[PDB]
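S.K.: Dumping the structure here so I can ask a few things about it.
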There are 2 protein chains.
Amino acid sequence: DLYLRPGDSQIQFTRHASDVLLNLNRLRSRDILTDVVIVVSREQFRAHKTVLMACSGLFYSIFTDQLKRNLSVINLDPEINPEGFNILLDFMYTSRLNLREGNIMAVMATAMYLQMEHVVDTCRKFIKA
Amino acid sequence: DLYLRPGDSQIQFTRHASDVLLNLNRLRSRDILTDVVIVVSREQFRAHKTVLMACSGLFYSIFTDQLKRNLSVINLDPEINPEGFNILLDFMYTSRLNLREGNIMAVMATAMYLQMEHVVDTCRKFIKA
Ligand SMILES: [Cl-]
Ligand SMILES: [Cl-]
């Protein structure tokens with residue numbers, strides 16, 4: 001629960017990061033302080049820009065551009081499949097990835113588009129088996 | 001790095017939550033998408049409202065009030081010590097708590113005011129020894 005480590009006098013909390021993400025997912029479930037809608041083939045997904053930027057290289061690049069920083073709606077490539085995006089948005093807020101035989105190619109394609117390198121790497125590992 | 005668990009078919013990522021928090025702290029360091037300033041005895045601290053709400057019962061209560069939701073400046077009780085607040089803001093974004101003999105009473109008092117129950121519990125454990 002707590003531990004100490006070398007070269008650093010601070011107390012380390014093992015559960016804090018998971019608790020923060022859990023509470024951020026609760027905010028999303030309740031639509032509290034969400035500040036962007038992502039549009040994927042007419043499907044709409046509400047989210048927190050900071051969480052998107054902390055998980056996706058695409059969204060990091062988008063919202064660090066001064067012109068795009070304050071946009072409230074982001075339209076993605078119409079070829080992106082909404083189910084794949086939904087799975088990856090859930091992953092962002094949960095650390096849990098719904099990979100199945102029937103969606104892994106779409107999830108991998110969407111994670112490459114979003115620049116989510118650890119999801120892509122994981123997809124390639126499962127494909128190889 | 002990855003694991004499976006019962007009652008849930010999804011892949012579990014062990015490092016994701018810590019990576020999200022690390023990237024959120026990077027956004028804070030760069031002042032990217034910060035949306036509130038907390039004022040503590042004339043000292044000013046920039047932060048992300050969603051992270052404050054995910055860590056502090058006080059900030060959760062504040063920003064779920066419709067009148068206070070869009071405030072850009074929050075003034076805290078003038079008796080709160082800025083060093084204690086700084087230590088707890090760092091903890092929110094890092095899972096690391098700078099507890100010392102010389103600050104533990106102030107940090108505990110500030111964590112009670114912010115309603116950060118796991119920090120308070122930890123302070124009481126260290127005090128008892
Ligand atoms: Cl990733
Ligand atoms: Cl806490």
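Ligands are numbered from 1 in the order shown, chains are lettered A, B, ... in the order of the structure tokens, and residues start at 1 in each chain.
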Can you tell me which residues sit at most 10 Å away from ligand 2, counting only C-alpha atoms and all ligand atoms, written as a compact mmCIF listing (two decimals) with N, CA, C and O atoms, in the first residue's frame?
M.R.:
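Output saved as part.txt:
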# COMPACT_ATOMS: atom_id res chain seq x y z
N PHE A 13 2.81 5.80 -2.79
CA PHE A 13 1.47 5.23 -2.66
C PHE A 13 1.19 4.32 -3.86
O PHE A 13 1.13 4.80 -4.99
N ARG A 15 -1.56 2.59 -4.67
CA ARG A 15 -2.91 2.55 -5.22
C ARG A 15 -3.38 3.88 -5.77
O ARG A 15 -4.47 3.94 -6.36
N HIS A 16 -2.60 4.96 -5.61
CA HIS A 16 -3.12 6.29 -5.91
C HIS A 16 -3.47 6.48 -7.39
O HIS A 16 -4.54 6.99 -7.72
N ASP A 19 -6.58 4.81 -8.32
CA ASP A 19 -7.72 5.53 -7.73
C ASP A 19 -8.04 6.79 -8.52
O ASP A 19 -9.22 7.10 -8.74
N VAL A 20 -7.02 7.54 -8.95
CA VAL A 20 -7.27 8.74 -9.75
C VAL A 20 -8.01 8.36 -11.04
O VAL A 20 -9.01 8.99 -11.41
N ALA B 54 -10.63 14.39 -8.76
CA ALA B 54 -10.36 12.97 -8.61
C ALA B 54 -9.56 12.64 -7.36
O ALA B 54 -9.47 11.47 -6.99
N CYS B 55 -8.98 13.65 -6.69
CA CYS B 55 -8.14 13.43 -5.52
C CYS B 55 -8.68 14.02 -4.23
O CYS B 55 -8.31 13.55 -3.15
N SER B 56 -9.52 15.05 -4.30
CA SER B 56 -9.90 15.83 -3.13
C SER B 56 -11.41 15.89 -3.03
O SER B 56 -12.08 16.28 -3.99
N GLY B 57 -11.95 15.51 -1.87
CA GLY B 57 -13.38 15.65 -1.65
C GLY B 57 -13.83 17.09 -1.64
O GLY B 57 -14.94 17.40 -2.07
N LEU B 88 0.75 18.52 -1.17
CA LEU B 88 -0.39 17.69 -1.52
C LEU B 88 -0.75 17.78 -2.99
O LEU B 88 -1.18 16.78 -3.58
N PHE B 91 1.57 15.46 -4.60
CA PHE B 91 1.10 14.10 -4.36
C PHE B 91 -0.01 13.72 -5.32
O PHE B 91 -0.02 12.61 -5.86
N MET B 92 -1.00 14.61 -5.49
CA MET B 92 -2.09 14.32 -6.43
C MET B 92 -1.56 13.87 -7.78
O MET B 92 -2.07 12.90 -8.36
N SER B 95 1.62 10.39 -6.86
CA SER B 95 1.53 9.29 -5.90
C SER B 95 2.66 9.31 -4.87
O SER B 95 2.85 8.31 -4.17
N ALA B 111 -4.51 18.13 4.44
CA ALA B 111 -5.19 17.00 3.82
C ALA B 111 -6.58 16.79 4.40
O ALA B 111 -7.48 16.36 3.68
N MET B 112 -6.77 17.09 5.69
CA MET B 112 -8.11 17.05 6.27
C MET B 112 -9.02 18.10 5.65
O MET B 112 -10.18 17.81 5.33
N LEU B 114 -8.69 19.42 2.66
CA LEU B 114 -8.96 19.01 1.28
C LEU B 114 -9.75 17.71 1.18
O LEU B 114 -10.12 17.31 0.06
N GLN B 115 -9.99 17.04 2.31
CA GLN B 115 -10.68 15.74 2.35
C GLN B 115 -9.96 14.71 1.47
O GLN B 115 -10.51 14.18 0.50
N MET B 116 -8.71 14.44 1.84
CA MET B 116 -7.86 13.45 1.18
C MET B 116 -7.61 12.34 2.19
O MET B 116 -6.59 12.34 2.90
N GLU B 117 -8.52 11.37 2.24
CA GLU B 117 -8.60 10.49 3.41
C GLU B 117 -7.43 9.53 3.50
O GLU B 117 -7.05 9.14 4.61
N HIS B 118 -6.84 9.12 2.37
CA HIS B 118 -5.72 8.19 2.46
C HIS B 118 -4.44 8.88 2.89
O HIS B 118 -3.60 8.27 3.57
N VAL B 119 -4.27 10.16 2.54
CA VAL B 119 -3.14 10.92 3.06
C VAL B 119 -3.29 11.14 4.56
O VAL B 119 -2.33 10.96 5.32
N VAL B 120 -4.49 11.52 5.01
CA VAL B 120 -4.73 11.71 6.44
C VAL B 120 -4.41 10.43 7.20
O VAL B 120 -3.70 10.44 8.21
N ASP B 121 -4.94 9.29 6.72
CA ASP B 121 -4.68 8.02 7.38
C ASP B 121 -3.19 7.73 7.45
O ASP B 121 -2.68 7.27 8.48
N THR B 122 -2.47 8.00 6.36
CA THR B 122 -1.03 7.78 6.35
C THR B 122 -0.32 8.68 7.35
O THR B 122 0.59 8.23 8.07
S.K.: Write out as an MDAnalysis selection string each polymer residue whose atoms come within 9 Å of residue 94 of chain B, counting only C-alpha atoms; drop sequence neighbours fewer than 6 positions from it.
M.R.: (chainID A and resid 12:13 16:17) or (chainID B and resid 18 21:22 25)
S.K.: Restrict the selected residues to N, CA and C atoms and save them as a PDB file, in the first residue's frame.
M.R.:
ATOM      1  N   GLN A  12       5.816   6.435  -1.129  1.00  0.00           N
ATOM      2  CA  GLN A  12       5.215   6.020  -2.392  1.00  0.00           C
ATOM      3  C   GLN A  12       3.877   5.333  -2.125  1.00  0.00           C
ATOM      4  N   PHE A  13       2.815   5.798  -2.794  1.00  0.00           N
ATOM      5  CA  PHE A  13       1.474   5.226  -2.658  1.00  0.00           C
ATOM      6  C   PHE A  13       1.192   4.322  -3.856  1.00  0.00           C
ATOM      7  N   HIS A  16      -2.602   4.955  -5.614  1.00  0.00           N
ATOM      8  CA  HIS A  16      -3.119   6.292  -5.908  1.00  0.00           C
ATOM      9  C   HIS A  16      -3.465   6.475  -7.387  1.00  0.00           C
ATOM     10  N   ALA A  17      -2.555   6.095  -8.290  1.00  0.00           N
ATOM     11  CA  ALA A  17      -2.791   6.333  -9.717  1.00  0.00           C
ATOM     12  C   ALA A  17      -4.047   5.617 -10.192  1.00  0.00           C
TER      13      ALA A  17
ATOM     14  N   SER B  18      -0.433   4.596 -13.926  1.00  0.00           N
ATOM     15  CA  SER B  18       0.758   5.370 -13.591  1.00  0.00           C
ATOM     16  C   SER B  18       1.230   6.200 -14.782  1.00  0.00           C
ATOM     17  N   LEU B  21      -1.071   9.263 -15.107  1.00  0.00           N
ATOM     18  CA  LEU B  21      -0.779  10.293 -14.113  1.00  0.00           C
ATOM     19  C   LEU B  21       0.535  11.001 -14.428  1.00  0.00           C
ATOM     20  N   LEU B  22       1.539  10.244 -14.874  1.00  0.00           N
ATOM     21  CA  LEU B  22       2.808  10.845 -15.282  1.00  0.00           C
ATOM     22  C   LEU B  22       2.598  11.875 -16.385  1.00  0.00           C
ATOM     23  N   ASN B  25       0.953  14.978 -15.046  1.00  0.00           N
ATOM     24  CA  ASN B  25       1.900  15.845 -14.351  1.00  0.00           C
ATOM     25  C   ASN B  25       2.780  16.595 -15.342  1.00  0.00           C
TER      26      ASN B  25
END
S.K.: What are the DSSP strand (DSSP E) residues of segment 13-69 of chain A, as a PyMOL selection string?
M.R.: chain A and resi 13+36-40+43-47
S.K.: Rank nothing, just name the residue among A:89, A:24, A:127, A:39 nearest to chain B, using only C-alpha atoms.
M.R.: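 The closest residue to chain B is A:24.
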S.K.: What's the 12 Å shell around residue 105 of chain A, counting only C-alpha atoms, without same-chain residues fewer than 2 positions away, as a ChimeraX atom specification?
M.R.: /A:80-81,83-84,99-103,107-112,119-120,122-124,126-127
S.K.: Filtering to C-alpha atoms, could you give me those residues as an mmCIF file, in the first residue's frame?
M.R.:
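selection_18.cif was written with the following content:
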data_model
loop_
_atom_site.group_PDB
_atom_site.id
_atom_site.type_symbol
_atom_site.label_atom_id
_atom_site.label_comp_id
_atom_site.auth_asym_id
_atom_site.auth_seq_id
_atom_site.Cartn_x
_atom_site.Cartn_y
_atom_site.Cartn_z
ATOM 1 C CA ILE A 80 -12.409 4.718 -38.163
ATOM 2 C CA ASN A 81 -14.900 2.216 -36.759
ATOM 3 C CA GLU A 83 -16.686 0.181 -31.820
ATOM 4 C CA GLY A 84 -12.893 0.240 -31.979
ATOM 5 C CA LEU A 99 -9.635 -7.524 -27.239
ATOM 6 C CA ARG A 100 -11.453 -10.308 -29.090
ATOM 7 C CA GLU A 101 -10.841 -12.347 -32.224
ATOM 8 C CA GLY A 102 -13.588 -10.334 -33.918
ATOM 9 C CA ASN A 103 -12.284 -6.854 -33.117
ATOM 10 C CA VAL A 107 -8.777 -2.088 -32.440
ATOM 11 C CA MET A 108 -5.186 -2.241 -33.658
ATOM 12 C CA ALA A 109 -5.958 -0.013 -36.649
ATOM 13 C CA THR A 110 -7.697 2.502 -34.405
ATOM 14 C CA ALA A 111 -4.875 2.466 -31.840
ATOM 15 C CA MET A 112 -2.337 3.169 -34.601
ATOM 16 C CA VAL A 119 -2.032 -0.968 -27.161
ATOM 17 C CA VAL A 120 -0.590 -1.455 -30.664
ATOM 18 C CA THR A 122 -0.138 -5.611 -27.243
ATOM 19 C CA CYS A 123 -2.312 -6.233 -30.311
ATOM 20 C CA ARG A 124 0.708 -7.404 -32.304
ATOM 21 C CA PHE A 126 -1.787 -11.409 -29.434
ATOM 22 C CA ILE A 127 -1.904 -11.600 -33.238
#
S.K.: Please provide as a PyMOL selection string all residues within 9 Å of residue 45 of chain A, with the sequence filter that same-chain residues fewer than 2 positions apart are discarded (counting only C-alpha atoms).
M.R.: chain A and resi 36-40+43+47+85-86+89
S.K.: Give the alpha helix (DSSP H) residues of chain A, as DSSP finds them on the backbone, and put them as number ranges by chain.
M.R.: A: 16-30, 49-55, 57-63, 82-94, 104-114, 117-128
S.K.: Pick the closest to chain B from A:28, A:97, A:82, A:1: which is it, counting only C-alpha atoms?
M.R.: A:97
S.K.: Taking only C-alpha atoms and all ligand atoms into account, name the residue in B:14, B:125, B:52, B:30 that is nearest to ligand 1.
M.R.: B:14
S.K.: When you count only C-alpha atoms, which of these residues is closest to chain A: B:26, B:96, B:42, B:48?
M.R.: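 Going through B:26, B:96, B:42, B:48 one by one, the smallest distance to chain A is for B:96.
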S.K.: Using only C-alpha atoms and all ligand atoms for the distances, tell me which of A:11, A:32, A:58, A:106 is nearest to ligand 1.
M.R.: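 Of A:11, A:32, A:58, A:106, the one nearest ligand 1 is A:58, counting only C-alpha atoms and all ligand atoms.
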